[PDB]
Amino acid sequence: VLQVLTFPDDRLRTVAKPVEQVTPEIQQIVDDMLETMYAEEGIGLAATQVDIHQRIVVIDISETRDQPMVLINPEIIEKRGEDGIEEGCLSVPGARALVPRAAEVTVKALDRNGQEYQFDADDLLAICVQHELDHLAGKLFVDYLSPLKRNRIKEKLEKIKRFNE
């Protein structure tokens, strides 16, 4: 029954806790998060973004939208090089900006079945991994921008929700 939190919500700054065991409940969070992500046409989503404060990320960067990746307790064990591309975020609707990142990452994680696995990534996946793990640390891509640009984005989003609740 998930919707995405939007900047400047303080719940987006919560540091996620490790998942302890991959239970059917965790599997259900995973499934729901993938449905949300596809419906919002995203290529990644962190649990923190739907107010679930546990280290779960889902990603699909494929143009055919059928190559899902599930990352439970992901950890970047090595970063190499520098790169960056234009990023957006379902939690920052309407904003896009170049973010400096590592070019390559080595990532360890559990899959949807609790199997630990390790992989290297570059290009869009490396970027999306970094972006999504930032969320689990309470960081948003607008944190890499200038204050004036970030403040404008914040003010525009606050306006949108000013009559809520």
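All residue numbers are counted from 1 along the displayed sequence.
In the PDB entry, a CA B factor belonging to the middle third of its chain's modelled residues is recorded for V142. Looking at the C-alpha B-factors along this chain, the one for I72 belongs to the lowest third.
Among all modelled residues in its chain, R65 ranks in the highest third by Cα B-factor. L157: CA B factor in the lowest third of modelled residues in this chain (values from the PDB entry). Ranked by Cα temperature factor within the chain, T106 sits in the lowest third according to the deposited record.
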